[PDB]
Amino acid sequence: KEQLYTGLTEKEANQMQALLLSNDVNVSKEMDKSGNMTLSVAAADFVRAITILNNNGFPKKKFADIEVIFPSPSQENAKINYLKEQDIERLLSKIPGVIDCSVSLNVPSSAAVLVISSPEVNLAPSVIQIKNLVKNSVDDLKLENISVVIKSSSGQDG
């Protein structure tokens, strides 16, 4: 057996494990004393496993945390903006069929909104509603300056 990763959360390990199993890769999981997970595979499947994980963006990379960068007027305003982004994500994530959401705000304001849907749901009829919710959440934002992109978790082709 070849080790893939240790120290995985339950969710990360489950997603990677399910992905590999669905591609007929023999993967085994073990839990350490902290409750974190280790995935391993047969040596003969190692290259195939890494290709599959790589192509699917696993393990997921981390990005800068505002609370680490800023643990001042401009600093305060970045924290206020971040709170608003999080509030809008929280709200949009209650729409049935939404499974992930990112909002980046520029406060004439503008906003970028990425919504990931269940593969079995088409959120296109909700785009006008989403834009109106974002518009009215945020100071001085017009419809023409909100970009909404919707994607199925199953990929670019739906």
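For every residue, the number given is its place in the sequence shown, counted from 1.
- In this entry, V107 is separated from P108 by 4 to 9 residues of the deposited sequence that have no coordinates.
- In terms of unmodelled positions of the deposited sequence, the stretch from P71 to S72 in this entry skips 4 to 9 residues.
- For the pair 145-153 and 18-26, the record assigns the higher mean C-alpha temperature factor to 18-26.
- Look at the C-alpha B-factors of 85-93 and of 48-56. On average they run higher in 48-56.
- Which of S102, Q129, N36, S117 has the largest Cα B-factor in the deposited entry comes down to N36.
- Listed residues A112, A124, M31, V98 were ranked by CA B-factor as deposited; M31 comes out on top.
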